[PDB]
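The form deposited in one PDB entry is given below as one chain in structure tokens.
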């Protein structure tokens, strides 16, 4: 169900347990079911929620992603308000073990904890993806500069500052595709990255010919320009495809 192996491993068993509890609650089964003392299990949840918000706050302050800074605090409120209902429900159940409003608080609280934790993981994941897209867009912009290269000196400068960006993007895509649960999207990412990687020496070779045809002042210039532009076009189309699949 979840798009990442990490998100799936964290949320799927707790989501299924809550879905089962919600079903029992709406069927009327929870209402008169004897509930043991929940002071300690709820205290363990409040301690875990406090640590998630504290670690979440450390990310908000040290990050530069303004969407993550904006979207994490409403989710902190959500998990904390959910925790409030669980702490209060445990108290209410000690005074009245048959409390129907307290059982409602247990379900709303558990759902709120899940929903808020899910929001936080999805926000954190979207920010990690935005880091990869930034790297992709930087390469796209750098590829728009290939047509400016017209001398040997330009070619050396250009190639030198292209090689690391490509290596960085390939490493990021390789690590990301291994995290995805959707196998068809993993195939799209790796195949697009294979195309970009293999077209890089094709682009460098076309730029070398372009520089040589320009210097010799021969009839082969238009074909050299067309071969370079077509390679920039294909690489750019593939990087735009990677950005699209990364967001899915």
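Numbering follows the first chain given and starts at 1. For the two forms, the rigid core is made up of the largest set of C-alpha atoms that agree within 1.5 Å on superposition.
**Q** Between us, would residue 67 come up missing in a third or more of the other compared entries?
**A** Modelled in all the others, so no.
**Q** As a check of understanding, is residue 31 unmodelled in at least a third of the other compared entries that model its flanking residues?
**A** Yes, a third or more of the compared structures omit it.
**Q** Which has higher Cα B-factors on average according to the PDB entry: 94 to 102 or 135 to 143?
**A** Here the higher of the two C-alpha B-factor means belongs to 94 to 102.
**Q** Averaging C-alpha B-factors over each stretch, which comes out higher, 150 to 158 or 76 to 84?
**A** The entry gives the higher C-alpha B-factor average to 76 to 84.
**Q** If you check the C-alpha B-factor for each of 206, 193, 48, 199 in the entry, which is highest?
**A** The listed residue with the largest C-alpha B-factor is 48.
**Q** Lowest, middle or highest third: which one holds residue 67 when the chain's residues are ordered by CA B-factor from the entry?
**A** Its C-alpha B-factor belongs to the middle third of this chain's values.
**Q** Please place residue 14 in the lowest, middle or highest third of its chain according to the CA B-factor in the PDB entry.
**A** For residue 14, the deposited C-alpha B-factor lands in the highest third.
**Q** Residue 53's Cα B-factor: lowest, middle or highest third of the chain?
**A** It belongs to the middle third of the chain when residues are ordered by C-alpha B-factor.
**Q** By the recorded C-alpha temperature factor, relative to the other modelled residues in its chain, which third is residue 34 in?
**A** It belongs to the highest third of the chain when residues are ordered by C-alpha B-factor.
**Q** Quick one: classify residue 224 as lowest, middle or highest third of the chain based on its Cα B-factor.
**A** It belongs to the highest third of the chain when residues are ordered by C-alpha B-factor.
A second form of this protein, the form deposited in another entry, is not displayed here; the remarks below concern that form.
**Q** Using the rigid core as the reference frame, would you say residue 98 shifts its C-alpha by 2 Å or more between this form and the one not shown?
**A** Comparing the forms between this form and the one not shown, which are aligned on their rigid core, residue 98 does shift its C-alpha by 2 Å or more.
**Q** If the two forms are fitted on the core, does residue 200 show a Cα displacement reaching 2 angstroms between this form and the one not shown?
**A** Comparing forms between this form and the one not shown, the residue 200 CA shifts below 2 Å.
**Q** Once both forms sit on the same rigid core, is the C-alpha displacement of residue 25 at or above 2 Å between this form and the one not shown?
**A** Moves: yes, 2 Å or greater.
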